[PDB]
């Protein structure tokens, strides 16, 4: 099972667990997901967070919906060598979801050398 490759708890020293925060404004749900809130995770050409995906399983339903996916594609690479571009995309994802349902939000994160990471929160 692929779940055997997904981690949900950080080790001390490096933050990989996606942190999910959301605000409900009417039928609009603004979701912020980020890796390394307190202690930033490295963002270099050889070690960086590649993307964050958000899923939503509505209360009482059987199928999860992928809500969105954000790819962080610049990590300092340039013709002048690794970490020389001065262009870096930080692992902060924002999603605006339109729904009146409640349920579970799941975030999936991938570090290029540290595998898959997950987290979830209850959408009320």
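Residue numbers count along the first chain shown, from 1.
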{"item": "89-97 set against 46-54, stretch whose average Cα temperature factor tops the other in the entry", "value": "89-97"}
{"item": "Which of 76-84 and 27-35 has higher mean CA B factor, as the PDB entry lists it", "value": "27-35"}
{"item": "Residue 103, C-alpha B-factor rank within chain (lowest, middle or highest third)", "value": "middle"}
{"item": "Chain-relative CA temperature factor third for residue 116", "value": "middle"}
